[PDB]
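Right, one structure below, let's go through it.
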Amino acid sequence: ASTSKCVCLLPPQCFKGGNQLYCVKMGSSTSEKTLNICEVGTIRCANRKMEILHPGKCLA
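The sequence shown begins at 854 in mature numbering (1 follows the signal peptide of the UniProt record, and there is no 0) and counts up by one.
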């Protein structure tokens with residue numbers, strides 16, 4: 854569909870990214886949820902979030 858990128862895949866499509874493990878934690882204020890690395894690239898499109906907790910941590 855162009856004009857530049859993919860662009861920024863739908864979050865429900867990351868559910869197909871089950872058992873991919875790797876590095877995930879926290880998020881935007883009031884989140885604290887475990888996920889798949891699929892969403893790491895998606896959440897960065899809208900930025901903010903992240904802030905991986907040091908005590909977890911990876912947890913790969």
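Positions of the beta carbon are idealized from the N, C-alpha and C atoms, including for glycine.
Could you check the C-alpha separation between residue i and residue j for me, to the nearest Å?
{"i": "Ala899", "j": "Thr883", "result": "17 Å"}
{"i": "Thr895", "j": "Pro908", "result": "24 Å"}
{"i": "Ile905", "j": "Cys861", "result": "21 Å"}
With a threshold of 16 other CB atoms inside 10 Å of the CB of residue i, please say whether the residue is buried or exposed.
{"i": "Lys869", "result": "exposed"}
{"i": "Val877", "result": "buried"}
{"i": "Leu912", "result": "exposed"}
Tell me the residue span of the alpha helix (DSSP H) that contains residue i.
{"i": "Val860", "result": "From DSSP, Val860 is part of no alpha helix (DSSP H); its letter is neither H nor E."}
{"i": "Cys891", "result": "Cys891 to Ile896"}
Thinking C-alpha only, which one of the options is nearest residue i?
{"i": "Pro865", "options": "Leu888, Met879 and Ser855", "result": "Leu888"}
Do residue i and residue j have their CB atoms nearer than 9 Å?
{"i": "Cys867", "j": "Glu892", "result": "yes"}
{"i": "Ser881", "j": "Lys902", "result": "yes"}
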